[PDB]
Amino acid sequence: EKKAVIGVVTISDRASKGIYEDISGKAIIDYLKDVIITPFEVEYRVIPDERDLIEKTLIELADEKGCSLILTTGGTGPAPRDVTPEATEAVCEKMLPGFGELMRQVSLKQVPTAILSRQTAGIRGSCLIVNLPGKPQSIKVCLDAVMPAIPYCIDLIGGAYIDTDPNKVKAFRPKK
């Protein structure tokens, strides 16, 4: 059986040179540990806002570390240096428009500027890559919104088996 490996990449020129506490990264890893009940390992990376480095990082995680899921945080706004979506589009062979649409929709509730987010999601081999926001409150609503479909998506692309605690988040798996 394939081992479940999950990538968590915090993208920020600032944090890349040092960060006392990666609140965004910690929130994401905390979430995963809480809701997931199947065995899995985390591959954490903190890199700057450099398109080529982000692409190479995602590639290393998916291709070398064998991640079935990679969650990024940061670099998805309208500013010129925010190139996480561009890097994500570049390494994936197929994008999932439903992710960005839903994440912005749930984020909009409390954040009117959620429509400025260029967060997306895509598939590279047997790995799903999802761009999350930076704010803890936004990260939470986005994960609550998309996690229910992640395990099944991973099943469909041949990734590692992941299951969640139905009491926190139920991993929807449609059957024949």
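Just count from 1 along the sequence shown to find any residue number.
162-170 and 149-157 differ in mean CA B-factor, and the higher of the two is recorded for 162-170.
When the mean C-alpha temperature factors of 109-117 and 32-40 are read from the deposited coordinates, 32-40 comes out higher. When all modelled residues of the chain are sorted by CA temperature factor, residue 60 is found within the middle third. Placement of the Cα temperature factor of residue 135 within the chain: highest third of the modelled residues, per the deposited record.
Sort the modelled residues of the chain by CA B factor and residue 47 lands in the middle third.
Ranked by C-alpha B-factor against the other modelled residues of its chain, residue 80 falls in the highest third.
Remark: residue 70 belongs to the lowest third of its chain, ranked by C-alpha B-factor as recorded.
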